[PDB]
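Notes follow once the structure below has been shown.
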Amino acid sequence: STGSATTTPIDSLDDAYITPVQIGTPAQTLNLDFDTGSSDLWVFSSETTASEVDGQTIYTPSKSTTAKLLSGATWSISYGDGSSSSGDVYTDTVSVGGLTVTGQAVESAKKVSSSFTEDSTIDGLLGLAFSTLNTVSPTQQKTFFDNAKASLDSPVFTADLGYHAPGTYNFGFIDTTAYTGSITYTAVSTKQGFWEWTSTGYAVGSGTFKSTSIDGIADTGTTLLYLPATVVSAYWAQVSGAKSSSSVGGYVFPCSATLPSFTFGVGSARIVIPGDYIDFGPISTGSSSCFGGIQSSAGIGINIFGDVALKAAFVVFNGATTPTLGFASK
């Protein structure tokens, strides 16, 4: 089997991407944030505290003839950005882009933090990291990908995120028309439950490439590119007037600037992030200070190749017995 679904930016900055997902019978379509940095599929639901729902589409298990309470199971998750959610668990039929999993754990939110409530466009998350990170207790549950894997033509999914445009998540096949040149594959460590890999270095603009190992995670659920302070300082030093602002919470730059590109290494290959991808616009409406898309990972504890990086590539998440990651230009 295979599946193919379009993923769409939630706003003009590509702050996140949503992908329609069919849950239950008859289908209830919710727009979920596919997140390769976590491993829970959770939704706004008829059980979500009413004051914490503000425009989201909800899953109502009682209206699904295939929903079954997973008795005794609860979940609770906290994300890197400080947001959180928790609740109980149903199993139900879940389809993405024509690919169907029966008996998928669908985690129904009873509570969500303010960041989720305030984002009316995201109806939940669909985690695509390794199932060892799944938070369901007392019986950990498998991700959608893990459940689908055996049925897939090939045990892979791909992320092809757009810049200010829709893109595609494919399951079970590599669309050879969706990228240019070749796909460069690189080793993955699953020790922390993430799609963790080591970039071979970076360049800023037309500058020379610096060969240096940068361990980080491929994370579709993180907006920005978080890298070591040394690397980030070297980038922003090439933008006149750029500075790190503790008050704003990172590097900002004059909105009048033209940003340089940023290149990262994948083995001997190179992925170029155009400067425009690094512009996250005015810090507040009407401001001439703009927020940078490359930020320090210091004090996150891990480097994160988020959407800023991934949307510059066609990315293969290979879930073979020995997982790997592939990157191609596009």
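Using Swiss-Prot numbers, chain A covers 90-419, in order.
Keep in mind that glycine also has a Cβ here, set from the backbone N, Cα and C atoms.
Database features (Swiss-Prot):
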DOMAIN    106-417  domain 'Peptidase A1'
ACT_SITE  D124  active site
ACT_SITE  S288  active site
DISULFID  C344-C379  disulfide bond
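Within its own chain, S288 (active site) has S302, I303, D304, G305, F353, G354, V355, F394 as residues 6 or more apart in sequence whose C-beta sits under 8 angstroms from its own. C344 (disulfide bond) has a Cβ environment of 15 other Cβ atoms inside 10 Å.
All protein chains considered, the CB of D124 (active site) has 21 other CB atoms within 10 Å. DSSP classifies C344 (disulfide bond) as coil under the three-state reduction. For the pair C379 (disulfide bond) and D124 (active site), the Cα-Cα distance reads 26 Å. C344 (disulfide bond) and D124 (active site) have their C-alpha atoms 30 Å apart, to the nearest angstrom.
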